[PDB]
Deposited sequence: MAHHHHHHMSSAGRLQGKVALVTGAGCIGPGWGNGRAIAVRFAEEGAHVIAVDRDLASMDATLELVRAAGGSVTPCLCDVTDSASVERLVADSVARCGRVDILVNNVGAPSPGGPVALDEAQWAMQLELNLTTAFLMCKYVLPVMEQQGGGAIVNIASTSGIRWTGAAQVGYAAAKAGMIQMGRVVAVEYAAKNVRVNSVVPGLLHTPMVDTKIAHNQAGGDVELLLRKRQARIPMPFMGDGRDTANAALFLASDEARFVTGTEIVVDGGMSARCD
């Protein structure tokens, strides 16, 4: 019996631009290893082909779904299809997101809008349509994948990403309080500087910020998300797990 045995987990941003342990891919793989049926969602189907192979070679259960989760009609259709095919959505992982460079002067206004939409509105829309399902079915768990950029300056200007990710963390807290009585838990993973395929489009420069003598990858995000999504976290809600090698604890 896996730690998510029999659960249905909807994971956004489950594809990856290249080989390696991206957050979404690692979450899909780890959750399927623990017995969840994974609904793997991405705006590009081909980016999930490698994710599906990893899950299925290990005997896990995963279904790919094409969706633009910035579009509310598409999200509504995705959630309805998930309920139609799987009966329940027990777990939602809001993982879609990506940074764009620049502070308020350099960051173009259109890119600022895209950054808020991709990193924050997506999670809002997924919650809008998944929360009624979780309420009706007796409960559920939501895990937001945020970033240390939402709590610190970590090296680079990226003001839309920083603001959106801070908004994502706080949205998690206030949704947690509002829906706790319906047995819906909401928490965030706050990953730091990880070696993911998106990061690969210097590593010593990022490593110098990390007290631990290595750099994590999507598997580290996935293991924290696994705890928060599981019944072993039944009394954990409205909070975060920072996964950053100690970086945000220091300012030397």
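Residues of the deposited sequence lacking C-alpha coordinates, counted from 1, fall in the stretches 1-11, 213-225.
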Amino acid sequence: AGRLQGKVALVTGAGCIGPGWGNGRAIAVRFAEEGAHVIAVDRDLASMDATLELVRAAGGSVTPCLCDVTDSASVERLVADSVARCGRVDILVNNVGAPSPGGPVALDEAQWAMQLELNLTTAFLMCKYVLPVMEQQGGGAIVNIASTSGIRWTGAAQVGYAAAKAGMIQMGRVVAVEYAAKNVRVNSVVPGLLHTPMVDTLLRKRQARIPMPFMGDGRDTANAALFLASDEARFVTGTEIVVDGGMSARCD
From here on, numbers count along this sequence of modelled residues.
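Looking at 129-137 and 168-176 together, the entry lists the larger mean B-factor for 129-137, computed on C-alpha atoms. Here the stretch with the larger average CA B-factor, out of 105-113 and 148-156, is 105-113. When the C-alpha B-factors of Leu228, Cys16, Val243, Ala9 are read from the PDB record, the largest value belongs to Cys16.
Looking only at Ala162, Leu118, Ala84, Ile91, the residue with the top Cα B factor in the deposited structure is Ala84. When the CA B factors of the chain's modelled residues are split into thirds, the value for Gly60 lands in the highest one. When the CA B factors of the chain's modelled residues are split into thirds, the value for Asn183 lands in the middle one. In the PDB entry, a CA B factor belonging to the lowest third of its chain's modelled residues is recorded for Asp220. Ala249: CA B factor lies in the lowest third for its chain, per the PDB record. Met198: CA B factor in the highest third of modelled residues in this chain (values from the PDB entry).
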